[PDB]
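Read the single chain below, which is given as structure tokens and is the form deposited in one PDB entry.
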């Protein structure tokens, strides 16, 4: 065993160094000067000379000076199973879902109405306010590790911002959608064609492909965006409602949509659906529908979920744009 202070110092220094290596090489966006970084690395190298067992092929020093940053899409489990959503395509279907909800929990349920973004699902995990893992949906229990790629998304903060009202959770699994804005999708296609590459047929395909890059620097060069729309496993945070949960996401620095509204009953839900039916074209990214969710966490627990989806939510899908 190496002495505890030595090990502590090495770990801390190596992590700080690797982070700047990632920020400089992958993102082309350093956050400390070249001089500052150089002293940092010099120090890590000194520590390793004094204790050569610390020099490993994985060290930011011994091996990885050019880069060692590749995504391999290895399977990684979600903390809580990621489900899909049941759909409704007609007024009748939606009313039937509402009725079922009424029969189980009466008039105690309110409905959060969110815009359904037609992108790529991404699950992020923050441990003690720090981003540790990001993965794809996969089969729901297990997805693919695209942590490095997710680290290049501007909207995804590496660290959560501490706030008076909302303390940083011990563990936070937050779900969101990754997408391109329409103008950015066109721009990307033009750039791809300029290099002799095939363009993407649609923004969803384009987001998926941009996200899933073995080399995260490719992802860093593209304007991916992310909007959080849900919660998985959480520790140190017990929001009464989804809407209140979104306020904490905001305080912490996570990206959330400004188009969400809280309806009190089905008439309110119906109004939002009719409204976005008329105005979804004005949003700068693709919206295929409206997701209706029982807002009260306790009611969500009661209603539960099936193996494939929540009973407490439903996606009202429009006709193709």
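Residue numbers count along the first chain shown, from 1. So that the term is clear: the rigid core is the largest set of C-alpha atoms that superpose within 1.5 Å between two forms.
- Averaged over CA atoms, B-factors in the entry run higher in 97-105 than in the other of 182-190 and 97-105.
- Between 119-127 and 82-90, it is 82-90 that carries the larger average Cα temperature factor according to the deposited entry.
- In the PDB entry, the Cα temperature factor peaks, among 287, 67, 269, 291, at 67.
- Ranked by C-alpha B-factor against the other modelled residues of its chain, residue 165 falls in the highest third.
- Per-chain ranking of the deposited C-alpha B factor places residue 52 in the highest third.
- Sorting the modelled residues of the chain by their CA temperature factor places residue 254 in the lowest third.
- Residue-level temperature factors show residue 203 in the lowest third of its chain, judged at the C-alpha atom.
- Among all modelled residues in this chain, the alpha-carbon of residue 38 has a temperature factor (C-alpha) in the highest third.
Below, we turn to the form deposited in another entry, even though it does not appear here.
- Comparing the forms between the shown form and the other one on their rigid core, the Cα displacement of residue 37 reaches 2 Å or more.
- Residue 259 shows a C-alpha shift below 2 Å between the shown form and the other one [criterion: core-superposed Cα displacement of 2 Å].
- Put the two forms on the same core and the Cα of residue 300 is off by less than 2 Å between the shown form and the other one.
- In that other deposited form, the CA atoms of residue 29 and residue 122 sit closer together than in the displayed form, by at least 3 angstroms.
- Here's the thing about residue 131 and residue 45: their CA atoms end up at least 3 Å farther apart in that other deposited form than they are in this form.
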